[PDB]
Every structure is written in structure tokens, then in C-alpha cells.
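In: Pasting the sequence and an experimental structure:
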Amino acid sequence: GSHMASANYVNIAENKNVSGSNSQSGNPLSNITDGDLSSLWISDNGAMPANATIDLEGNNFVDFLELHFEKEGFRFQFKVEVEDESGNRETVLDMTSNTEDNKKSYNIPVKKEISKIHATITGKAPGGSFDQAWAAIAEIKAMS
Ligand SMILES: CC(=O)N[C@H]1[C@@H](O[C@@H]2[C@H](O)[C@@H](O)[C@H](O)O[C@@H]2CO)O[C@H](CO)[C@@H](O)[C@@H]1O
Ligand SMILES: [Ca+2]
């Protein structure tokens with residue numbers, strides 16, 4: 001880890017502010033950083049593009065991000081970006097032109113000092129076993 005005490009990786013995203021687009025009832029934005037992989041954020045009425053921004057309260061080194069979904073199968077099209085205090089922005093997982101299945105979680109290597117995490121579901125790919133699901137994110141973790 002980059003943190004003293006040594007340990008391994010720390011979830012510095014956990015409990016941090018989450019802002020973005022409308023949530024449906026019982027599925028608010030905070031569910032993205034609550035440390036529980038079963039609780040979800042779901043966009044109000046499946047409205048897309050849907051976004052979520054985790055504020056890490058200033059620059060922290062982050063090794064890699066963890067984008068967790070409800071389960072495997074969903075065919076969402078999603079962008080994941082990062083931002084520092086300086087105003088620099090970098091797409092770390094560009095998957096907006098996705099066709100076919102998404103897996104349950106994604107490791108997204110960063111290895112940069114960042115202050116913000118921009119997760120954006122831009123649309124839904126045709127087909128799949130779950131063609132009916134709404135724009136949802138279970139958890140985003142920031143490992144440093
Ligand atoms: C039956 C189905 O497609 N379930 C999905 C889907 O649920 C929708 C919504 O989130 C619920 O609040 C509502 O009661 O049912 C909707 C179906 O029209 O999407 C979510 C993820 O976005 C999944 O949890 C369900 O499995
Ligand atoms: Ca959660």
C-alpha cells in the first residue's frame with residue numbers, strides 16, 4: 001500500500017461523498033461508497049446517461065479502482081474517469097462502445113494522484129439475459 005500504517009490496499013473511497021444524477025427510492029448515490037457490495041445505486045427510472053462522482057476530499061494516490069455491479073450479465077455502456085486538484089482528467093476505463101456482457105467487477109489500474117472519480121453509464125447494449133435492468137452501480141472502491 002501507499003499508506004502508513006503499511007497493511008495492504010485501503011478503501012479511501014469508502015464513506016466519501018457521492019454526487020450525481022437522480023437515484024430511485026431506496027437506492028441513493030451513497031450506496032456506491034458504503035462498503036457493502038449488495039446495496040446498489042439505481043438511476044431514477046433507468047434514465048441514461050447516468051453519472052456518479054466520488055469526492056476523495058483532495059489528492060490521494062490510488063493504485064487501482066474497483067467497479068462493482070449487482071451481478072454478472074448486464075450489458076451497460078460505461079465510462080470511468082479520474083480528476084486531480086489541478087484540473088487534469090483521464091479516462092481509465094473507456095467502455096462506452098460496449099456490446100455483450102459485463103462481469104460483476106472491474107479492476108481499473110490508475111497509479112496516479114487523484115481527487116475525484118467520475119463513473120458514467122452512457123447507455124445499454126442490445127441483447128443479453130438482463131435486457132430490462134436499470135443503470136446501476138453496486139460499489140466503487142479506490143485502492144491506495
Ligand atoms: C425484473 C428486473 O428487470 N429486475 C431488475 C431491475 O429492476 C428494476 C428496478 O430497479 C426496480 O426498482 C423495480 O422494482 O423493477 C425494475 C424492473 O422494471 O433493475 C435492477 C438493477 O437496475 C435489478 O436489481 C433487478 O434485478
Ligand atoms: Ca454498495
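Out: Nice, I can see it. Numbering: from 1, shown residues only. Ligands and ions are numbered 1, 2, ... in the order given.
In: Not counting its neighbours along the chain, what's nearest residue 30?
Out: The shortest distance from residue 30 to any non-neighbouring residue, by Cβ to Cβ, 6 or more residues apart in numbering, is to residue 18 (5.4 Å). Placement of C-beta: from N, CA and C, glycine included.
In: That neighbour reaches residue 51, doesn't it?
Out: No - using Cβ atoms under 8 Å as the test, residue 18 is too far from residue 51 to be in contact (10.4 Å).
In: Show me which of these two is the more surrounded one.
Out: Using other Cβ atoms under 10 Å, the more surrounded residue of residue 18 and residue 51 is residue 18, with 23 against 19.
In: how near is the more buried one to residue 76?
Out: Note on residue 18: its distance to residue 76, by Cβ to Cβ, to the nearest Å, is 18 Å.
In: Kindly report the same for residue 4.
Out: 37 Å.
In: Between these two, point out the one with more neighbours.
Out: Higher neighbour count among residue 4 and residue 76: residue 76, with 24 against 6, using other Cβ under 10 Å.
In: which residues does that one contact?
Out: 69, 98, 102, 121, 123-125, 135 (Cβ atoms under 8 Å, 6 or more residues apart in numbering).
In: Bridging across strands, which residues link to it?
Out: Here residue 76 sits in beta bridges with residue 124, going by DSSP bridges.
In: Likewise for the one 4 residues further on?
Out: Legend: beta-bridge partners of residue 80 under DSSP bridges are residue 93, residue 119.
In: I'd say it and residue 96 touch.
Out: No - taking contacts as Cβ under 8 Å, residue 80 lies outside contact range of residue 96: 9.9 Å.
In: More neighbours: these two, which one.
Out: Between residue 80 and residue 96, counted using other Cβ under 10 Å, the more crowded position is residue 80 (21 against 16).
In: quick one, what contacts residue 1?
Out: So residue 1 contacts 7-10, 63, 144 (Cβ under 8 Å, 6+ apart).
In: my bad, residue 39
Out: Taking Cβ under 8 Å, 6+ apart as the test, what residue 39 contacts is 31, 138.
In: hmm, try it at 7 Å
Out: residue 31 (Cβ atoms under 7 Å, 6 or more residues apart in numbering).
In: any idea how far it is from residue 58?
Out: 26 Å.
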